[PDB]
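A.B. asks: Just so it is clear, I am handing over target-v8.json, which has JSON, C-alpha atoms and all ligand atoms.
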[["chain", "number", "residue", "atom", "x", "y", "z"],
["A", 19, "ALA", "CA", 60.12, 121.31, 100.77],
["A", 20, "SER", "CA", 63.30, 120.63, 102.95],
["A", 21, "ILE", "CA", 64.66, 117.67, 104.91],
["A", 22, "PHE", "CA", 67.08, 116.62, 107.65],
["A", 23, "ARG", "CA", 69.80, 113.98, 107.28],
["A", 24, "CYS", "CA", 72.19, 112.19, 109.55],
["A", 25, "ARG", "CA", 75.33, 114.28, 109.28],
["A", 26, "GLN", "CA", 77.51, 111.19, 109.57],
["A", 27, "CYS", "CA", 75.90, 109.17, 106.75],
["A", 28, "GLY", "CA", 73.22, 111.02, 104.72],
["A", 29, "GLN", "CA", 70.34, 108.90, 106.05],
["A", 30, "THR", "CA", 67.09, 110.79, 105.86],
["A", 31, "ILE", "CA", 65.68, 111.34, 109.31],
["A", 32, "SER", "CA", 62.92, 113.94, 109.11],
["A", 33, "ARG", "CA", 61.84, 117.19, 107.58],
["A", 34, "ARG", "CA", 60.81, 120.75, 108.09],
["A", 35, "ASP", "CA", 57.07, 119.95, 107.61],
["A", 36, "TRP", "CA", 57.42, 117.84, 110.72],
["A", 37, "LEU", "CA", 58.80, 120.41, 113.15],
["A", 38, "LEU", "CA", 56.86, 120.66, 116.33],
["A", 39, "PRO", "CA", 56.46, 123.95, 118.28],
["A", 40, "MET", "CA", 57.01, 122.59, 121.82],
["A", 41, "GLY", "CA", 56.56, 125.43, 124.32],
["A", 42, "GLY", "CA", 56.19, 127.81, 121.35],
["A", 43, "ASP", "CA", 59.47, 127.08, 119.54],
["A", 44, "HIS", "CA", 60.72, 123.93, 117.78],
["A", 45, "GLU", "CA", 64.26, 124.75, 118.96],
["A", 46, "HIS", "CA", 65.37, 124.35, 122.56],
["A", 47, "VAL", "CA", 68.75, 125.32, 123.94],
["A", 48, "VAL", "CA", 69.66, 122.92, 126.74],
["A", 49, "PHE", "CA", 72.57, 121.60, 128.67],
["A", 50, "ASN", "CA", 73.07, 118.18, 130.19],
["A", 51, "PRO", "CA", 74.76, 116.88, 133.34],
["A", 52, "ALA", "CA", 78.01, 116.51, 131.40],
["A", 53, "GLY", "CA", 78.00, 120.30, 130.92],
["A", 54, "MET", "CA", 77.49, 120.10, 127.17],
["A", 55, "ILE", "CA", 75.07, 122.64, 125.62],
["A", 56, "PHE", "CA", 73.09, 121.19, 122.60],
["A", 57, "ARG", "CA", 70.36, 122.83, 120.49],
["A", 58, "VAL", "CA", 67.49, 120.41, 120.22],
["A", 59, "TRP", "CA", 64.97, 120.46, 117.43],
["A", 60, "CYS", "CA", 61.58, 118.86, 117.99],
["A", 61, "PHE", "CA", 59.88, 116.69, 115.39],
["A", 62, "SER", "CA", 56.55, 114.94, 115.65],
["A", 63, "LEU", "CA", 57.71, 112.38, 113.08],
["A", 64, "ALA", "CA", 61.06, 110.92, 112.27],
["A", 65, "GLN", "CA", 62.11, 107.88, 110.36],
["A", 66, "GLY", "CA", 65.35, 106.02, 109.88],
["A", 67, "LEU", "CA", 66.09, 105.62, 113.58],
["A", 68, "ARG", "CA", 66.86, 102.90, 116.09],
["A", 69, "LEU", "CA", 65.83, 103.34, 119.77],
["A", 70, "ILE", "CA", 68.09, 101.98, 122.42],
["A", 71, "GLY", "CA", 67.70, 101.25, 126.17],
["A", 72, "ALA", "CA", 64.77, 101.83, 128.51],
["A", 73, "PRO", "CA", 62.53, 104.84, 128.79],
["A", 74, "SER", "CA", 63.97, 107.11, 131.44],
["A", 75, "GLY", "CA", 62.54, 110.26, 133.01],
["A", 76, "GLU", "CA", 65.67, 111.29, 134.89],
["A", 77, "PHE", "CA", 67.21, 114.43, 133.49],
["A", 78, "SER", "CA", 64.34, 114.87, 131.00],
["A", 79, "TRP", "CA", 64.27, 118.38, 129.55],
["A", 80, "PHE", "CA", 60.51, 118.11, 128.89],
["A", 81, "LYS", "CA", 57.83, 117.88, 131.54],
["A", 82, "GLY", "CA", 55.95, 114.57, 131.65],
["A", 83, "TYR", "CA", 58.01, 112.77, 128.99],
["A", 84, "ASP", "CA", 60.47, 109.92, 129.47],
["A", 85, "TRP", "CA", 63.29, 109.53, 126.91],
["A", 86, "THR", "CA", 65.01, 106.76, 125.09],
["A", 87, "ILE", "CA", 68.15, 107.36, 123.01],
["A", 88, "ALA", "CA", 67.74, 107.56, 119.27],
["A", 89, "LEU", "CA", 70.54, 106.29, 117.01],
["A", 90, "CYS", "CA", 70.76, 106.73, 113.24],
["A", 91, "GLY", "CA", 69.35, 103.48, 112.03],
["A", 92, "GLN", "CA", 72.11, 103.15, 109.35],
["A", 93, "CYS", "CA", 75.36, 104.29, 110.98],
["A", 94, "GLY", "CA", 74.75, 104.31, 114.79],
["A", 95, "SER", "CA", 75.38, 108.04, 115.26],
["A", 96, "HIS", "CA", 73.62, 109.46, 118.28],
["A", 97, "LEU", "CA", 71.06, 111.80, 116.78],
["A", 98, "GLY", "CA", 69.11, 112.47, 119.99],
["A", 99, "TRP", "CA", 66.03, 111.08, 121.67],
["A", 100, "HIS", "CA", 62.45, 109.83, 121.43],
["A", 101, "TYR", "CA", 60.02, 111.21, 123.99],
["A", 102, "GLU", "CA", 56.88, 109.38, 125.14],
["A", 103, "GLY", "CA", 54.67, 109.62, 128.20],
["A", 104, "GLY", "CA", 52.80, 112.94, 127.71],
["A", 105, "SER", "CA", 49.60, 114.37, 126.21],
["A", 106, "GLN", "CA", 48.86, 116.40, 123.00],
["A", 107, "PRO", "CA", 51.32, 115.07, 121.76],
["A", 108, "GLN", "CA", 51.98, 111.67, 123.33],
["A", 109, "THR", "CA", 55.32, 110.99, 121.68],
["A", 110, "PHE", "CA", 57.83, 113.10, 119.74],
["A", 111, "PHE", "CA", 61.51, 113.35, 118.74],
["A", 112, "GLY", "CA", 64.12, 115.69, 120.19],
["A", 113, "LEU", "CA", 67.06, 115.80, 117.91],
["A", 114, "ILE", "CA", 70.44, 117.44, 118.18],
["A", 115, "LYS", "CA", 70.65, 120.12, 115.42],
["A", 116, "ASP", "CA", 74.50, 119.63, 115.15],
["A", 117, "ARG", "CA", 74.06, 115.99, 114.24],
["A", 118, "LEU", "CA", 71.77, 116.61, 111.33],
["A", 119, "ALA", "CA", 72.29, 118.36, 108.10],
["A", 120, "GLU", "CA", 69.46, 120.32, 106.50],
["A", 121, "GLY", "CA", 69.15, 120.36, 102.74],
["A", 122, "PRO", "CA", 66.71, 119.72, 99.86],
["A", 123, "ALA", "CA", 65.00, 116.58, 98.40],
["B", 201, "LIG", "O1", 65.88, 114.76, 128.01],
["B", 201, "LIG", "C1", 67.07, 114.50, 128.08],
["B", 201, "LIG", "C2", 67.69, 113.44, 127.18],
["B", 201, "LIG", "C3", 68.77, 112.73, 127.97],
["B", 201, "LIG", "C4", 69.86, 113.76, 128.12],
["B", 201, "LIG", "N1", 71.11, 113.36, 128.72],
["B", 201, "LIG", "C5", 72.44, 113.62, 128.23],
["B", 201, "LIG", "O2", 72.73, 114.47, 127.20],
["B", 201, "LIG", "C6", 73.36, 113.15, 129.26],
["B", 201, "LIG", "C7", 74.73, 113.19, 129.28],
["B", 201, "LIG", "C8", 75.36, 112.56, 130.35],
["B", 201, "LIG", "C9", 74.64, 111.92, 131.37],
["B", 201, "LIG", "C10", 73.25, 111.85, 131.33],
["B", 201, "LIG", "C11", 72.66, 112.45, 130.22],
["B", 201, "LIG", "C12", 71.23, 112.69, 129.99],
["B", 201, "LIG", "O3", 70.16, 112.05, 130.65],
["B", 201, "LIG", "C13", 69.34, 114.84, 129.10],
["B", 201, "LIG", "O4", 70.04, 115.41, 129.91],
["B", 201, "LIG", "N2", 67.93, 115.18, 129.02],
["B", 202, "ZN", "ZN", 73.73, 107.89, 109.98]]
When written as structure tokens, how does the structure in this file appear?
Ligand SMILES: O=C1CC[C@H](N2C(=O)c3ccccc3C2=O)C(=O)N1
Ligand SMILES: [Zn+2]
C.D. replies:
Amino acid sequence: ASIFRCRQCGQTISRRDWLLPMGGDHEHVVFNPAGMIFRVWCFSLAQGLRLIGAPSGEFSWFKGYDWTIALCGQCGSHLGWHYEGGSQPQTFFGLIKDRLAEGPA
């Protein structure tokens, strides 16, 4: 089965069935302009989230997709981002592995 929760509150965010092989792997190692290296896991579906701010294509790690920040809908923890703007798929979620916790139903 297997699902992914907000590590700060237990909120259910997504699950393994929903991983999306972007580029060929669901996991991307990236860094940002702050010099922080995350591991980002890509889902085609997520629930339990609140999106914040405007879509933005600056700094995007993924070609043709703008991002908006995704917060845990329950606790406000920054779980990662929602991506929109592209084709096959149009939108998807890029979530910071470290901020989730993977366990069972
Ligand atoms: O696709 C993305 C999501 C946004 C993400 N991001 C951050 O992790 C960051 C940290 C500090 C300043 C600016 C940003 C930025 O745009 C980033 O670098 N790429
Ligand atoms: Zn939470």
A.B. asks: Excluding same-chain residues fewer than 4 positions from residue 78 (chain A), what lies within 12 Å of it counting only C-alpha atoms, as a list in words?
C.D. replies: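 Those residues are residues 48, 49, 50, 51, 73, 74, 82, 83, 84, 85, 86, 87, 99, 100, 101, 102, 103 and 112 of chain A.
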A.B. asks: Go through chain A and flag each residue having an atom no more than 10 Å from ligand ZN 202 (chain B); for those, report the closest pair of atoms plus their distance in Å to one decimal, using all atoms listed in the file, ordered by chain and rising number, as CSV.
C.D. replies:
residue,atom,partner,partner_atom,distance
A:23,CA,B:ZN202,ZN,7.7
A:24,CA,B:ZN202,ZN,4.6
A:25,CA,B:ZN202,ZN,6.6
A:26,CA,B:ZN202,ZN,5.0
A:27,CA,B:ZN202,ZN,4.1
A:28,CA,B:ZN202,ZN,6.1
A:29,CA,B:ZN202,ZN,5.3
A:30,CA,B:ZN202,ZN,8.3
A:31,CA,B:ZN202,ZN,8.8
A:66,CA,B:ZN202,ZN,8.6
A:67,CA,B:ZN202,ZN,8.7
A:89,CA,B:ZN202,ZN,7.9
A:90,CA,B:ZN202,ZN,4.6
A:91,CA,B:ZN202,ZN,6.5
A:92,CA,B:ZN202,ZN,5.0
A:93,CA,B:ZN202,ZN,4.1
A:94,CA,B:ZN202,ZN,6.1
A:95,CA,B:ZN202,ZN,5.5
A:96,CA,B:ZN202,ZN,8.4
A:97,CA,B:ZN202,ZN,8.3
A:117,CA,B:ZN202,ZN,9.2
A:118,CA,B:ZN202,ZN,9.0
A.B. asks: Go through A:123, A:55, A:39, A:108 one by one, measure the shortest atom-to-atom distance of each to ligand LIG 201 (chain B) using all atoms listed in the file, and give the residue with the smallest value.
C.D. replies: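 Closest residue, counting all atoms listed in the file: A:55.
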A.B. asks: Take every atom of ligand LIG 201 (chain B) listed in the file, pad by 5 Å on each side, and give me the axis-aligned box centre and edge lengths in Å, one decimal, as lines of an AutoDock Vina configuration file.
C.D. replies:
center_x = 70.6
center_y = 113.6
center_z = 129.3
size_x = 19.5
size_y = 13.6
size_z = 14.2
A.B. asks: Would you pick out the contacts of residue 36 (chain A) at 7 Å or less, using all atoms listed in the file, so that residues sharing its chain but fewer than 3 positions from it are not included, and give the list as a compact mmCIF listing (two decimals) with C-alpha atoms, in the coordinates of the input?
C.D. replies:
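What follows is the written file result-v9.txt:
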# COMPACT_ATOMS: atom_id res chain seq x y z
CA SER A 32 62.92 113.94 109.11
CA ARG A 33 61.84 117.19 107.58
CA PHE A 61 59.88 116.69 115.39
CA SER A 62 56.55 114.94 115.65
CA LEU A 63 57.71 112.38 113.08
A.B. asks: Skipping near chain neighbours, those fewer than 2 positions away, what residues fall within 9 Å of residue 47 (chain A) using all atoms listed in the file, listed as a list in words?
C.D. replies: residues 45, 49, 55, 56, 57, 58 and 59 of chain A
A.B. asks: Mind dumping the selected residues with C-alpha atoms as a PDB file, keeping the file's coordinate frame?
C.D. replies:
ATOM      1  CA  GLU A  45      64.260 124.750 118.960  1.00  0.00           C
ATOM      2  CA  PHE A  49      72.570 121.600 128.670  1.00  0.00           C
ATOM      3  CA  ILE A  55      75.070 122.640 125.620  1.00  0.00           C
ATOM      4  CA  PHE A  56      73.090 121.190 122.600  1.00  0.00           C
ATOM      5  CA  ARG A  57      70.360 122.830 120.490  1.00  0.00           C
ATOM      6  CA  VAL A  58      67.490 120.410 120.220  1.00  0.00           C
ATOM      7  CA  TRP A  59      64.970 120.460 117.430  1.00  0.00           C
TER       8      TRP A  59
END
A.B. asks: Have a look at A:40, A:72, A:52, A:119 and name the one nearest to ligand LIG 201 (chain B); count all atoms listed in the file.
C.D. replies: A:52
A.B. asks: From the options A:54, A:37, A:64, A:21, which residue's atoms come nearest to ligand LIG 201 (chain B), counting all atoms listed in the file?
C.D. replies: A:54
A.B. asks: Could you model N, CA and C atoms for region 78-111 of chain A and present them as a PDB file, keeping the file's coordinate frame?
C.D. replies:
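Contents of the output file part14.pdb:
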ATOM      1  N   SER A  78      65.081 114.512 132.203  1.00  0.00           N
ATOM      2  CA  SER A  78      64.340 114.870 131.000  1.00  0.00           C
ATOM      3  C   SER A  78      64.218 116.365 130.923  1.00  0.00           C
ATOM      4  N   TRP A  79      64.460 116.943 129.745  1.00  0.00           N
ATOM      5  CA  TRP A  79      64.270 118.380 129.550  1.00  0.00           C
ATOM      6  C   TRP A  79      62.825 118.790 129.371  1.00  0.00           C
ATOM      7  N   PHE A  80      61.918 117.827 129.174  1.00  0.00           N
ATOM      8  CA  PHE A  80      60.510 118.110 128.890  1.00  0.00           C
ATOM      9  C   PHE A  80      59.578 117.472 129.882  1.00  0.00           C
ATOM     10  N   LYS A  81      58.759 118.313 130.511  1.00  0.00           N
ATOM     11  CA  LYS A  81      57.830 117.880 131.540  1.00  0.00           C
ATOM     12  C   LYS A  81      56.924 116.760 131.046  1.00  0.00           C
ATOM     13  N   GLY A  82      56.903 115.666 131.806  1.00  0.00           N
ATOM     14  CA  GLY A  82      55.950 114.570 131.650  1.00  0.00           C
ATOM     15  C   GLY A  82      56.309 113.533 130.611  1.00  0.00           C
ATOM     16  N   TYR A  83      57.519 113.635 130.061  1.00  0.00           N
ATOM     17  CA  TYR A  83      58.010 112.770 128.990  1.00  0.00           C
ATOM     18  C   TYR A  83      59.249 112.025 129.438  1.00  0.00           C
ATOM     19  N   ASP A  84      59.259 110.710 129.242  1.00  0.00           N
ATOM     20  CA  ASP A  84      60.470 109.920 129.470  1.00  0.00           C
ATOM     21  C   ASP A  84      61.181 109.850 128.121  1.00  0.00           C
ATOM     22  N   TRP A  85      62.492 109.592 128.136  1.00  0.00           N
ATOM     23  CA  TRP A  85      63.290 109.530 126.910  1.00  0.00           C
ATOM     24  C   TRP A  85      63.953 108.192 126.743  1.00  0.00           C
ATOM     25  N   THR A  86      64.185 107.882 125.464  1.00  0.00           N
ATOM     26  CA  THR A  86      65.010 106.760 125.090  1.00  0.00           C
ATOM     27  C   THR A  86      65.923 107.334 123.988  1.00  0.00           C
ATOM     28  N   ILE A  87      67.147 106.838 123.921  1.00  0.00           N
ATOM     29  CA  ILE A  87      68.150 107.360 123.010  1.00  0.00           C
ATOM     30  C   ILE A  87      67.815 106.923 121.629  1.00  0.00           C
ATOM     31  N   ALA A  88      67.919 107.850 120.683  1.00  0.00           N
ATOM     32  CA  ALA A  88      67.740 107.560 119.270  1.00  0.00           C
ATOM     33  C   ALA A  88      69.070 107.522 118.527  1.00  0.00           C
ATOM     34  N   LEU A  89      69.386 106.387 117.899  1.00  0.00           N
ATOM     35  CA  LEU A  89      70.540 106.290 117.010  1.00  0.00           C
ATOM     36  C   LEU A  89      70.093 106.325 115.560  1.00  0.00           C
ATOM     37  N   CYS A  90      70.967 106.853 114.674  1.00  0.00           N
ATOM     38  CA  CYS A  90      70.760 106.730 113.240  1.00  0.00           C
ATOM     39  C   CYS A  90      70.686 105.281 112.999  1.00  0.00           C
ATOM     40  N   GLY A  91      69.560 104.872 112.417  1.00  0.00           N
ATOM     41  CA  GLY A  91      69.350 103.480 112.030  1.00  0.00           C
ATOM     42  C   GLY A  91      70.385 102.850 111.097  1.00  0.00           C
ATOM     43  N   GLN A  92      71.120 103.653 110.321  1.00  0.00           N
ATOM     44  CA  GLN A  92      72.110 103.150 109.350  1.00  0.00           C
ATOM     45  C   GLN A  92      73.529 103.086 109.911  1.00  0.00           C
ATOM     46  N   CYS A  93      73.971 104.159 110.565  1.00  0.00           N
ATOM     47  CA  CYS A  93      75.360 104.290 110.980  1.00  0.00           C
ATOM     48  C   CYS A  93      75.577 104.236 112.517  1.00  0.00           C
ATOM     49  N   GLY A  94      74.556 104.415 113.335  1.00  0.00           N
ATOM     50  CA  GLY A  94      74.750 104.310 114.790  1.00  0.00           C
ATOM     51  C   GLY A  94      75.047 105.620 115.487  1.00  0.00           C
ATOM     52  N   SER A  95      75.182 106.709 114.716  1.00  0.00           N
ATOM     53  CA  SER A  95      75.380 108.040 115.260  1.00  0.00           C
ATOM     54  C   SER A  95      74.252 108.398 116.207  1.00  0.00           C
ATOM     55  N   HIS A  96      74.612 108.993 117.333  1.00  0.00           N
ATOM     56  CA  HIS A  96      73.620 109.460 118.280  1.00  0.00           C
ATOM     57  C   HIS A  96      73.016 110.744 117.772  1.00  0.00           C
ATOM     58  N   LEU A  97      71.787 110.654 117.288  1.00  0.00           N
ATOM     59  CA  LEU A  97      71.060 111.800 116.780  1.00  0.00           C
ATOM     60  C   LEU A  97      70.230 112.492 117.848  1.00  0.00           C
ATOM     61  N   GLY A  98      69.902 111.801 118.940  1.00  0.00           N
ATOM     62  CA  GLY A  98      69.110 112.470 119.990  1.00  0.00           C
ATOM     63  C   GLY A  98      68.188 111.524 120.668  1.00  0.00           C
ATOM     64  N   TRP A  99      66.948 111.934 120.906  1.00  0.00           N
ATOM     65  CA  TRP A  99      66.030 111.080 121.670  1.00  0.00           C
ATOM     66  C   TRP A  99      64.554 111.059 121.220  1.00  0.00           C
ATOM     67  N   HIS A 100      63.876 109.976 121.608  1.00  0.00           N
ATOM     68  CA  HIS A 100      62.450 109.830 121.430  1.00  0.00           C
ATOM     69  C   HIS A 100      61.793 110.084 122.779  1.00  0.00           C
ATOM     70  N   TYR A 101      60.739 110.877 122.782  1.00  0.00           N
ATOM     71  CA  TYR A 101      60.020 111.210 123.990  1.00  0.00           C
ATOM     72  C   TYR A 101      58.630 110.614 123.929  1.00  0.00           C
ATOM     73  N   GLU A 102      58.216 110.000 125.023  1.00  0.00           N
ATOM     74  CA  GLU A 102      56.880 109.380 125.140  1.00  0.00           C
ATOM     75  C   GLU A 102      56.467 109.639 126.573  1.00  0.00           C
ATOM     76  N   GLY A 103      55.175 109.551 126.859  1.00  0.00           N
ATOM     77  CA  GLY A 103      54.670 109.620 128.200  1.00  0.00           C
ATOM     78  C   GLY A 103      53.648 110.718 128.384  1.00  0.00           C
ATOM     79  N   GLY A 104      53.613 111.711 127.488  1.00  0.00           N
ATOM     80  CA  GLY A 104      52.800 112.940 127.710  1.00  0.00           C
ATOM     81  C   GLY A 104      51.422 112.947 127.062  1.00  0.00           C
ATOM     82  N   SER A 105      50.842 114.142 126.959  1.00  0.00           N
ATOM     83  CA  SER A 105      49.600 114.370 126.210  1.00  0.00           C
ATOM     84  C   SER A 105      49.719 115.470 125.147  1.00  0.00           C
ATOM     85  N   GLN A 106      48.840 115.441 124.136  1.00  0.00           N
ATOM     86  CA  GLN A 106      48.860 116.400 123.000  1.00  0.00           C
ATOM     87  C   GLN A 106      50.250 117.129 122.858  1.00  0.00           C
ATOM     88  N   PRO A 107      51.275 116.434 122.293  1.00  0.00           N
ATOM     89  CA  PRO A 107      51.320 115.070 121.760  1.00  0.00           C
ATOM     90  C   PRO A 107      51.730 114.033 122.800  1.00  0.00           C
ATOM     91  N   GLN A 108      51.596 112.763 122.443  1.00  0.00           N
ATOM     92  CA  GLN A 108      51.980 111.670 123.330  1.00  0.00           C
ATOM     93  C   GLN A 108      53.450 111.360 123.202  1.00  0.00           C
ATOM     94  N   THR A 109      53.913 111.198 121.967  1.00  0.00           N
ATOM     95  CA  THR A 109      55.320 110.990 121.680  1.00  0.00           C
ATOM     96  C   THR A 109      55.859 112.041 120.732  1.00  0.00           C
ATOM     97  N   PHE A 110      57.173 112.180 120.689  1.00  0.00           N
ATOM     98  CA  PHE A 110      57.830 113.100 119.740  1.00  0.00           C
ATOM     99  C   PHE A 110      59.355 112.940 119.783  1.00  0.00           C
ATOM    100  N   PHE A 111      60.058 113.544 118.834  1.00  0.00           N
ATOM    101  CA  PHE A 111      61.510 113.350 118.740  1.00  0.00           C
ATOM    102  C   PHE A 111      62.216 114.627 119.083  1.00  0.00           C
TER     103      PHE A 111
END
